[PDB]
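Residue numbers (this note's numbering), protein chains in the order written: chain A, 12 to 259; chain B, 12 to 259; chain C, 223 to 1049; chain D, 23 to 357.
So the structure is just underneath, and the comments pick up after that.
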Amino acid sequence: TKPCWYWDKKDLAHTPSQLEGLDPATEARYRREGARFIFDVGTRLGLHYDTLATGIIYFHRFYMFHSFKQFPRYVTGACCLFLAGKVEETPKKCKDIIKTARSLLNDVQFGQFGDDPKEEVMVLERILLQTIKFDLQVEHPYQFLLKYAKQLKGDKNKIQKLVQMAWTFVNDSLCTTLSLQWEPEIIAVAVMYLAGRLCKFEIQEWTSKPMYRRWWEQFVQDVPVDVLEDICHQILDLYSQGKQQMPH
Amino acid sequence: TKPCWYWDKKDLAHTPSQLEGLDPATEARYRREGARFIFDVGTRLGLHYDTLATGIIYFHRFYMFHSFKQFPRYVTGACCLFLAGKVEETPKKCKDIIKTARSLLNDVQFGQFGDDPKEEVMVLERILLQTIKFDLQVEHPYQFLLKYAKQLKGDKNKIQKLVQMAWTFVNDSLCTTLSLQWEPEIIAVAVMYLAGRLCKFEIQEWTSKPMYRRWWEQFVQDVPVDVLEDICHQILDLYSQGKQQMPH
Amino acid sequence: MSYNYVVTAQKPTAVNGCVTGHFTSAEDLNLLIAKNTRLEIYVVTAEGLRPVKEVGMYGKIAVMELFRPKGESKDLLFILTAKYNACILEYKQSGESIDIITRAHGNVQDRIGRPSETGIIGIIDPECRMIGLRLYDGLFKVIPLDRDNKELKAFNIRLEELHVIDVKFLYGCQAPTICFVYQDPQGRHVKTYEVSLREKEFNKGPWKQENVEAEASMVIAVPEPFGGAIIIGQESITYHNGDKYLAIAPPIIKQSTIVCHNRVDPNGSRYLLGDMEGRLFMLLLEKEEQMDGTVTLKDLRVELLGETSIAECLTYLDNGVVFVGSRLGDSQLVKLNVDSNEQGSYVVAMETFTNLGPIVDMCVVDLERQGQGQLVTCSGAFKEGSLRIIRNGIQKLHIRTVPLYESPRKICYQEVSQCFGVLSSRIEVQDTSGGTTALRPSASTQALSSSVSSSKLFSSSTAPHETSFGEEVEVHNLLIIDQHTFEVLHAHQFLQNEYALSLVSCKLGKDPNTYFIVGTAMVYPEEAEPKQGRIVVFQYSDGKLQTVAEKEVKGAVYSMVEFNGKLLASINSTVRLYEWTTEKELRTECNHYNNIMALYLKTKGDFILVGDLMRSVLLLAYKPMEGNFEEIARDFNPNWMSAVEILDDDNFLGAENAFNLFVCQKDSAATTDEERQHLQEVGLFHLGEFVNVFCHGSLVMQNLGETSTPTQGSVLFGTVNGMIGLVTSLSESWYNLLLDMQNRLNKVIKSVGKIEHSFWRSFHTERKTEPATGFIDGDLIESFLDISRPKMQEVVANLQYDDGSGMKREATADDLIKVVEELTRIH
Amino acid sequence: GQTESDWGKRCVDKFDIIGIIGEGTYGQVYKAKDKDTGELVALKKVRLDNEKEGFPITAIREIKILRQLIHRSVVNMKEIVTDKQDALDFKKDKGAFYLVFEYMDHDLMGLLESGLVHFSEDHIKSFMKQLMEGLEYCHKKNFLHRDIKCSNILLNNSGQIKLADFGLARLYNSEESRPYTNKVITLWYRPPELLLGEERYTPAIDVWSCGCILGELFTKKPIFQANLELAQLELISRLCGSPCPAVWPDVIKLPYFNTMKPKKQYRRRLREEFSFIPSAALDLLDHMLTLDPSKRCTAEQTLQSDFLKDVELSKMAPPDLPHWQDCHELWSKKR
Ligand SMILES: Cn1cc(-n2cnc3c(NCc4nc5cc(Cl)c(Cl)cc5[nH]4)nc(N4CCOCC4)nc32)cn1
């Protein structure tokens, strides 16, 4: 019916980028660069948050089938955001995205677009649609983070601090391969799980089963704690690596 | 194995004669005319009664497969009597039957025999044998009227009056399609049934089962009174049409 | 755009209705015969019929009844058309000037309503209080016969019984009472309602409902002496009036379905009846006057009078003469004698009115190999089946009739054998011998030579269906008929339950022998879509017909046609092209499947016009390079096709089941491949007739001398009502001239019932109504030579004639008389 | 699980194009047969040649919306194919894409306009039940077909009905969201709110269109037939009553309420002019053809109607098409 868009962590060592000589650190860097590029460009254009993530997920899935060396990262990222705009019904003209790209890219980085930046992007749309198998509908952990928080009852200010901090973790998780590792529902629970430990919150108390120590089960079934700890470990790797500190 | 020679009353409306424009009254007349023609000619020739009925049975069966308009009635009846003579071991020359026919027929009726009366009849013998499917052995209600009356014991004059009166009804039933509707055993019982009602005889008293009011059942099995009344109604219709009264 | 011109060559001949009354004068006895678009008025004499007037109406005459309201000197006529145009007419004659007056007129169509199954019904109260119309299921329309109701305003009374079979206004009731036979899941019943003009609703009926025969057909309003009604069925005739109930079931009427009735005695004692086999009966109502002075019905009687033509409508005139109005055969005037003749028949034919009847197929052939064409048609059905040879005389038509006494289907001409090929079907009934027996001798049975297909193609494989006695069966035959004597030289009887559907005569491949080819279909009681069929090739040579080859197909061969030495045959949804091998057998080359029911086929060069049961028309081209078909263009407007024809390489002509002719053409614009594949309907025209066969040719003398004629091309067509017409194309200059005259003639010519001509010729289906375009009603243009001289000049006013390239001279009446007289020479 | 799920990688060479069958929402509809499987499919062109914004957004709507919807009464996009990309430079490929749908036997448009089919009451029940089950399914997913026509209603010989195009389909949101195209449904099936200028309309626009289809199956003729919006609003008023604040409180909100006024203030004559329709179906028609879209019934409520509640989808009951005796009509059976 629908294609599978999820791999295992061990499979990332065999991406077309890895197999062409790129080291694991460079592909992860190229992914964060492309993710933040799609994030910053669409933010400058005033785009909805679902449109940003949809293009980022298109971007992440694209370089599971192709190599970063053969397709320029910033040329591909612009095409994903352009397609994501028409997909999520928040469209922008291709010339408007190119204009924003020149603002945020230096002379070296913008050279990927070649002599005709618009044509290099419009051309890549055919390969993008074929690579993503025309599976345009993509859901994101944001709607699940909100669907689960409404079922929480208690201190409104404590729950609101939990949501924004988890929402920050979802924005940061876009820079990672987590979008490909796990379904969006599990990611929304893991960011609740991480923000609960940092904020010292007992999330089980706000649920309909205040005693259910596995508070996550009432939201997403069949989720072991090993997965939640694994996702939390990946998100916090960005904070310790970069210059940003944990929200807390 | 052996062919079926019995139809239903409702089927007579679809004879080949009926479907060519002939009305029901005319075909019934053509059958009565042809029957007495076979009857009167063979009687002049001094033929046995089984031979006369055998030709009449051939005659009745023949015009269930053919039309009176396509085959002349008196030419066919002469051919039936000629074949019936050789079947019942009472043979006659074809020239002798033609001679008797011309004596009792007017110029118009004998004109059906054409320029060569013998050949027009002798030719029809092939078509007659094929039409009757070479089923030459024919049984008649006469032998059953006598076989059943022999088992009757009582007033000799009353039983003999029953036999002759029923025998008269058998001769009259040859003019009708009853020969094609029912087996000869039922006809022999029906003429006993009719002569019993007219003479007001209670035939069960003369039987071996004097209280078995349905006396005929020990003779012919599975015969309802509806069939006997149907046959009796048809036989008396011949007398009521010609205004003649019961023999008595 | 395309521009065409349609004229009537032979007016409709089939009688759809006839009534007797006193319309022209209170003294004369009139017989008003109703054809599809023509109304003929006659005066009954002691020697026969005397014509007085014939008028044309802008509509199909559906209801026609004569009535005389309180205060009128003579009877008036009410006519309702198929397009719901209603009118009341009066005859007025001032010496030699005969004119038909429109007393009232209007259109009684409702915005919402399901058209009934049994068709439009029109009844008038015996006291002439109202006009009863049954136009839609569950609705009874009432037109009150008021002196001031000149617009024919009407109201609808809701009817619970939706499916009504027939309805009449009863006699002898104080209030207006209707009696109708309806069919519900509980069978068929007869019911009565009282109509109230004041309340505008139904009241309680006189007598209660009774369960009647399952095949109740017609209702007979018995007049005042007896009262009540008579219900005619398939096997029984029943009389219902109050508590009295009588039912006669003679065995004679069961053999064939009774279809028409008429009253002989105004007191209602005797009635005329007719069946599908042409038999004429007399329904006798025995009356027993009782010791109270009142005359109830003793019994009912039916007597066989004789044989007439298969009549659509019967009417008793006077002195024992009856007009037999037939739609499938020739109409008749018959004499009823009190004494039977030597054959037992009380009926003797007086006169015979030629009726071309149903024209199933026809071909134009130059018998006396001159340039003047003759038209040979397959006409009539059942015993009334015949061939008709029509030629232009030296102005009327000379028609020779060759009776066949069986149903003709398709005809084809083979000049190599100086003979015709005719497919025919006869009805035989399962007899007691197990076989079948024909009702009457016909051409297939009275043929000089005869043969039967001994093919074993379908063998025993098909399950042997059960046969009961009395079941009708159709036997199809191929007749070989001489072109001069029209003698049935040979008759080939096809297999049992095999129907002959298509027939062609042509040479094939490199074979010089000219063959008759028949496409057949195996028809079984399951019907649906035949799944077996045969294509048979015959050669008639030296007086003997030889079976050359047979090809088994998996469906019905609805039509065949030869082009490029190859046989193009349509089998159900498939269109196949066969090749004639050197072994005298058929071989499939390429196929096309994108159809529902490929019925009609026409060819010109390598193009193929496909007429589907629906889907309209598709253009197919045989591509000799690839060897496969390819869709070129298709008309995407859905139409139920009845006959197709190719006009030129870009224009196509078709006929719809809604009595409409249309012409599609390739748009040839914007250079888009999608626009090109879109056949655009550029011509629309409501003909009013059901076209069965289109045929290229003309019966007029055509000289190879080349001269600019206003008409280009000639296409003849035959219809169900016997009408034969002609379609031809025009230049854009001539179209605008003739179209401009039509608008001028409409303002001048007064139409019967004041029906607008533009409404009559407008394309009309049950779902869509469009104005006519691309067609010139030639019958309206040719009417210019019949209006008075002052009206001619009224048409030519401000009209400029363009014969002189220099100056656009003002048109004289003679300038238009020259033009119209030239258009009258094309037919 | 590439297989079947991988789209856009297959070429149009695998399909042999028979010809055009009709005109759809965005492009002309084509018929073809798969070389490998032999199945007949319906194709739709993409035509990405216009480099203004690349792939058409109206096509992106139909790909996203139709791939989410799966039902027995909705035509599901089978796959998506492209032209041959023969150059090694994906920049030189200007080829278009094709949408592959499942092919159905006939369409309500072709069947009714030709006049061959006849619908009994049980056939209309089977038609409306499948039609409303599919419409309720899509309405539950917050989608609007916006183009309910007889040409977009497909039927196979079994008796199953399916909806077709969805090219003009958008998403519905109770929050005003985006103002939409006021004219979107064929004028004969256009709701009264759409004639008066409602740009943000409710899902009741498809309920009204199907209501005109329900009555069209009983009369064999379209209900409202007009060439202009004012003439169309007039015919709707002659049957359902003139739009007035009495039966339609929010009729004042519509812009063209004062602009497009009917000739008279007609009374509702729907039950009178449809008296021949069974009471169970007439009750359904009256609710579906209610002027006020807030008072107009929903797709779910029609399935809870005396006409459709007890209809069973196991009895397909295909519309009976006359056969063989239709070859020559107006014969034998005359009067
Ligand atoms: C967007 N979308 C469409 C489909 N879809 C699937 N199946 C058909 C189909 N099949 C019956 C059918 N009717 C035919 C009429 C003719 Cl004249 C011919 Cl030649 C062949 C025919 N076949 N028809 C149609 N349309 C009907 C008319 O106009 C537009 C589309 N769409 C279809 C799936 N998604």
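All C-beta atoms, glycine included, are put in the ideal place defined by N, C-alpha and C.
Listed as beta-bridge partners of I452(C) by DSSP are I442(C) and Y461(C). A distance below 6 Å between beta-carbons, with the five flanking residues on each side excluded, links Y125(D) to the following residues of its chain, in chain order: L62, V63 and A64.
Judged by DSSP in its simplified three-state form, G542(C) adopts coil rather than helix or strand. Between the C-alpha atoms of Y204(B) and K355(D) there is a straight-line separation of about 49 Å. Of the residues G263(D), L176(D), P244(D) and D187(D), the one whose Cα lies closest to the Cα of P214(D) is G263(D). In the structure shown, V832(C) falls within a strand segment according to DSSP collapsed to helix, strand and coil. A distance of 8 Å or more separates the beta carbons of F881(C) and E903(C).
Nearest neighbour of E349(C) by Cα position, chosen from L392(C), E373(C), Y313(C) and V330(C), turns out to be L392(C). Beta-bridge annotation (DSSP): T623(C) is paired with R610(C).
Annotation for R410(C): the continuous beta strand (DSSP E) segment containing it runs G409 to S418. Going by beta carbons, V434(C) and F424(C) fall outside the 8 Å limit. Contact between the stretch 20 to 39 of chain B and the stretch 225 to 236 of chain A is absent: fewer than 3 CB-CB pairs across the two stretches fall below 8 Å. Put simply, the CB of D22(B) is near chain C, with a gap under 8 Å to one of its CB atoms. Any Cβ of chain A closer than 8 Å to the Cβ of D115(D) would place that residue at the interface, and such an atom is present. In the pairwise beta carbon analysis, the stretch 101 to 115 of chain D is classified as not touching the stretch 305 to 315 of chain D: fewer than three pairs are separated by under 8 Å. Beta-bridge partners of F503(C) (DSSP): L495(C) and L526(C). Along the stretch 739 to 755 of chain C, going in chain order, the ones with a CB nearer than 9 Å to a CB of chain D are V745, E749, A750, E751 and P752. Residue pairing from DSSP leaves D28(D) without any beta-bridge partner. Counting only residues of its own chain and dropping the five nearest sequence neighbours on each side, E1004(C) has a CB closer than 7 Å to the CB of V229, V1042, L1045 and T1046.
The nearest non-hydrogen atom of ligand 1 is less than 7 Å from the C-beta of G132(D). Where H714(C) is concerned, the enclosing beta strand (DSSP E) starts and stops at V710 to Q715. DSSP, reduced to helix, strand and coil, places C234(D) within a helical segment of the structure shown.
Only those residues of the stretch 313 to 345 of chain C whose C-beta falls short of 9 Å from the nearest C-beta of chain D are listed: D332, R333, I334, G335, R336, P337, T340 and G341. Distance check between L247(A) and each of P27(A), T187(A), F212(A) and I197(A) places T187(A) closest, using alpha-carbon atoms only.
Looking at the DSSP output, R756(C) bridges to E774(C). With respect to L494(C), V544(C) sits close: the two C-beta atoms are nearer than 8 Å.
The Cβ of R357(D) sits closer than 8 Å to at least one Cβ of chain C.
Residues of the same chain with a CB within less than 7 Å of the CB of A64(B), apart from the 5 flanking positions on each side, are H151 and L185 in chain order. Taking 8 Å as the threshold, the shortest C-beta distance from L140(A) to chain D falls below it.
Taken residue by residue, none of the stretch 174 to 199 of chain D has a beta-carbon sitting less than 7 Å from a beta-carbon on chain A. Legend: CB atoms of the stretch 134 to 168 of chain D lying less than 8 Å from CB atoms of chain A are not found in any residue. Within its own chain, the residues whose Cβ lies closer than 8 Å to the Cβ of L670(C), once the five positions on either side in sequence are excluded, are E709, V710, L711 and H712, listed in chain order. At a cut-off of 8 Å between beta-carbon atoms, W18(B) makes contact with chain C. In the three-state DSSP reduction, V134(A) falls in the helix class (H, G or I). At a Cβ-Cβ threshold of 8 Å, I342(C) and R356(C) count as neighbours. For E249(C), the three-state secondary structure derived from DSSP is coil.
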